[PDB]
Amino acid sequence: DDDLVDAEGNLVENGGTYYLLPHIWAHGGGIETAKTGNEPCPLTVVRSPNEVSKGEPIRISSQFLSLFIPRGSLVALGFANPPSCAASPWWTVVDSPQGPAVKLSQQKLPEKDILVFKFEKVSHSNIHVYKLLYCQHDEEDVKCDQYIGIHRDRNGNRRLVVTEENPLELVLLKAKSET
């Protein structure tokens, strides 16, 4: 086993709630939502610009029943307290002209549209730091070949989108609670 480890050195709990913080202190705060484009409400998943903000507590749920999250496990990521307009907490990835973007949804999605993420251990770190991969279909299965990074839009929103150059790198900090 090489399970996911949180920021304090304890195994990440499956289904538990964590703050998804940048490894580099100066790179902003935790994850939250913004209302962008023609969205009717906040459905865009973004990173807070406030370095002191832990952002929202995020549920990290494996495809398995286990207590912890094994190496190479696909996960679904969801807001413990999502905007009222989202039908569920879960993040999904929606294609667009500029590329896949991380969003919330106004309907309930099938598990195959939310179990699309995987954390990947970053080499050369003392603290457990992970890149976040997006896993598209291998037309029957799934393949995690793209990374999530940030794209600051003309309004300053630091949107989580599929990236090419600089994957974000996070540390998972356990939250006092979710709900």
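All residue numbers are counted from 1 along the displayed sequence.
Set 29-37 against 55-63 and average the Cα temperature factors; 29-37 ends up higher. Comparing 13-21 with 166-174, the higher mean C-alpha B-factor in the PDB entry belongs to 166-174. Note on the listed residues 112, 131, 128, 154: the highest Cα temperature factor in the record is that of 154. Sort the chain's modelled residues by C-alpha temperature factor and residue 101 lands in the middle third, per the entry. The entry lists a Cα temperature factor for residue 86 that places it in the middle third of the chain's modelled residues.
Sort the chain's modelled residues by C-alpha temperature factor and residue 74 lands in the lowest third, per the entry.
Residue 45: CA B factor lies in the middle third for its chain, per the PDB record. Ranked within its chain, residue 1 lands in the highest third, by CA B factor from the PDB record.
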